[PDB]
Amino acid sequence: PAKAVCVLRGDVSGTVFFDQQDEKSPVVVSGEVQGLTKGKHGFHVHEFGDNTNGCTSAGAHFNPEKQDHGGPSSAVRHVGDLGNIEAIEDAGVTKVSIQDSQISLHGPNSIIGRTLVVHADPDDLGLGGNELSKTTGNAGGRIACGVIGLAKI
Amino acid sequence: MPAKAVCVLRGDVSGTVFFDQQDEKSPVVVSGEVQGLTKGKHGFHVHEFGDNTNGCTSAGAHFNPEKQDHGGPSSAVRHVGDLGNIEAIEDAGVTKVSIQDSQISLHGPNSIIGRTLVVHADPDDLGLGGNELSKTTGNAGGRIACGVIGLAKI
Ligand SMILES: [Cu+2]
Ligand SMILES: [Cu+2]
Ligand SMILES: [Zn+2]
Ligand SMILES: [Zn+2]
């Protein structure tokens, strides 16, 4: 089995774990984010684990299958598309509790060494009918991010 | 195909370190620099976890897939993560990092992607110290900066 972790750096903080039991099974993504503004926040794995230029150098959404942007349940989506995490209140602690079959901790869809990004605005899941929607989901600015690294156990 | 990775060091000192590998079978070339080191040798290793949950402490021990004891990069017995020392020629300067190693890789069993690069306060004795810590940490002491090693653009 495999485990990875991301510690967010930026306007919000938090520790997000990734657990995968077998190469064939989905990845369970858990942990908590603190200091999010109330509301929905876009949440994606971006291609590069590069923070030489803050979250900007993370590049675009991780997209090994060469698709347009969507939500995690969209028929068309980036592998890195994990939708929104939602703060129910201002200045609280948002639980992260996601499972996804596209991302992996092994092989071509492996997210090890890539970057988890939290956004300022809601991910519209690619339903905005413009170029931005098909690329970023109009999630706006990158407010925090971290490189996804191998974790204990 | 050719691979690249990068690590941004944060802590008491800072820096950016690049890793380049032409082939899955070629050595890894490590370049970049570290700013602010005190004059002298400073231990420099890849640690096993890319885990920053408890600062550089949670990066765990030196990356060691071959189950060996600590040494320098040229030691017959070493950790894969053992990259020896970086040496600051002056106080408060910028130290060039210029290393090539064939044990570390950006692919496979020995891949360092998703692991942590750590700079230490004291010199790594390359496992030629006369105590138990030598054969494990090289007596490099405090972890003064670290970063997770991430994939970088071609
Ligand atoms: Cu994003
Ligand atoms: Cu070390
Ligand atoms: Zn996307
Ligand atoms: Zn070692």
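These numbers come from the heavy atoms of this one structure, side chains and all, not from hydrogens, waters or symmetry mates. In the text below, chain A, chain B and the rest are named by the order of the sequence lines, each starting its count at 1.
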Undergrad: Looking only at heavy atoms, which two atoms of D122(B) and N139(B) are closest? And how far apart?
TA: CB-O, 4.0 Å

Undergrad: Is it possible for you to say whether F44(B) and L126(B) belong to one hydrophobic cluster, with membership spreading through side-chain heavy-atom contacts below 4.5 Å?
TA: no

Undergrad: For the residue pair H78(A) and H44(A), confirm or rule out a side-chain donor-acceptor distance under 3.5 Å.
TA: no

Undergrad: With sequence neighbours excluded, tell me which residues meet side-chain contact (heavy atoms from CB on, under 4.5 Å) with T15(A).
TA: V5(A), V7(A), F17(A), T53(B)

Undergrad: Do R114(A) and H46(A) have side chains that get closer than 4.5 Å, going by heavy atoms?
TA: no

Undergrad: Tell me, please, which residues at least two apart from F49(B) pass side-chain contact (heavy atoms from CB on, under 4.5 Å).
TA: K152(A), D51(B)

Undergrad: Applying ring pair (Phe, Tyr, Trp, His ring centres under 6.0 Å), name anything that partners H42(B), two or more places apart in sequence or on another chain.
TA: none

Undergrad: Could you tell me which residues satisfy side-chain contact (heavy atoms from CB on, under 4.5 Å) with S25(A), sequence neighbours excluded, listed by chain and number?
TA: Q20(A), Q21(A), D22(A)

Undergrad: Can you give the donor-acceptor pairs under 3.5 Å from side chains of residues 139-149 of chain A to other protein atoms, not counting sequence neighbours?
TA:
residue: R142(A); atom: NH1; partner: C55(A); partner atom: O; Å: 2.9
residue: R142(A); atom: NH1; partner: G59(A); partner atom: O; Å: 2.9
residue: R142(A); atom: NH2; partner: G59(A); partner atom: O; Å: 3.0

Undergrad: For the residue pair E65(A) and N109(A), establish whether any side-chain heavy-atom pair is separated by less than 4.5 Å.
TA: yes

Undergrad: Can you name the side-chain contact (heavy atoms from CB on, under 4.5 Å) partners of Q34(A), sequence neighbours left out?
TA: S13(A), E32(A), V93(A)

Undergrad: Charged N to carboxylate O under 4.0 angstrom, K4(B) versus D20(B)?
TA: yes

Undergrad: Name the residue from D100(A), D68(A), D123(A) that meets the salt bridge (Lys or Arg N to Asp or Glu O under 4.0 Å) definition with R77(A).
TA: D100(A)

Undergrad: Among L116(A), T115(A), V45(A), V117(A), find the one that has a side-chain contact (heavy atoms from CB on, under 4.5 Å) with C6(A).
TA: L116(A)

Undergrad: Quick one about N51(A) and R10(B) (side-chain donor to acceptor, distance below 3.5 Å, no hydrogens or angles considered), yes or no?
TA: yes

